[PDB]
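Here the structure is laid out as structure tokens; the discussion comes afterwards.
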Amino acid sequence: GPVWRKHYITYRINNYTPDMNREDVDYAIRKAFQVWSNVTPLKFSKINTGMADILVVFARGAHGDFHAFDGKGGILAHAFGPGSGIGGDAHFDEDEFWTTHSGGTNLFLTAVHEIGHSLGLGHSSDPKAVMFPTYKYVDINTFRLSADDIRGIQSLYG
Ligand SMILES: CCCCCC[C@H](CC(=O)O)C(=O)c1ccc(C#Cc2ccc(Cl)cc2)cc1
Ligand SMILES: [Ca+2]
Ligand SMILES: [Ca+2]
Ligand SMILES: [Ca+2]
Ligand SMILES: [Zn+2]
Ligand SMILES: [Zn+2]
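According to the entry's author numbering, the sequence shown is numbered sequentially starting from 106.
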């Protein structure tokens, strides 16, 4: 049907992963959402029934990701552009070992990046902006966002 929205976005979480703790995914995804929403004119909303805009699914390198990247570290996940259905969703290398709160890779870091890809604009290309390709494990404790960066996205279409 006729799709043309620019404020209210939908979201859906996969089966809470097989390993990754569900409560952990909700907390990490919740915090990232507030950071992306509180810095954006477009509010977001998760559900668990009807179709949604940003869909988060856990899979191992196979369906793409450049002939299946890794499954034990390296990258964490990726997301596509707009569109419908599949478009706007992301895939996290579930095969690997994810660590909630601490122990390695946090869901928050991937949640913020994955989310920004769906809504957030282009990247910065610079070892500092929460979007750049270069991966660097960093507990959310230091996950800080430049005022100019967040202010630019909110000031653009907001
Ligand atoms: C050109 C292909 C890019 C692949 C790079 C790996 C992939 C990119 C993506 O998420 O889309 C990935 O899984 C990934 C890459 C970077 C990060 C990060 C980060 C980060 C580091 C430090 C700070 Cl302060 C903030 C964020 C996460 C996942
Ligand atoms: Ca990985
Ligand atoms: Ca989608
Ligand atoms: Ca896993
Ligand atoms: Zn993928
Ligand atoms: Zn990116």
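C-beta atoms are modelled at their ideal positions from N, C-alpha and C, and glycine is treated no differently.
Contact check, residue i vs residue j, beta carbons under 8 Å
i	j	result
residue 266	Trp203	Nothing about residue 266 can be reported from this structure: the residues present for the chain run from 106 to 263 only.
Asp175	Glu199	no
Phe185	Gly179	no
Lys111	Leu160	no
Under the three-state DSSP convention, the category residue i falls into
i	result
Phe171	coil
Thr215	helix
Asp244	coil
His222	helix
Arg117	strand
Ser142	helix
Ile159	strand
CB-CB length for residue i against residue j, believed under 8 Å
i	j	result
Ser150	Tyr113	7 Å
For residue i, the nearest candidate out of the options (CA to CA)
i	options	result
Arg249	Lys233, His196, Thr145 and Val161	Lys233
Which residues, in chain order, sit with a beta-carbon under 6 Å away from any heavy atom of ligand 2? Sorted by position in the chain, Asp175, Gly178, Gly179, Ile180, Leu181, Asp198 and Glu201 make up the residues whose C-beta lies under 6 Å from a heavy atom of ligand 2.
Which residues, in chain order, sit with a beta-carbon under 5 Å away from any heavy atom of ligand 7? In the structure shown, ligand 7 is absent; the only ligands present are ligand 1, ligand 2, ligand 3, ligand 4, ligand 5 and ligand 6.
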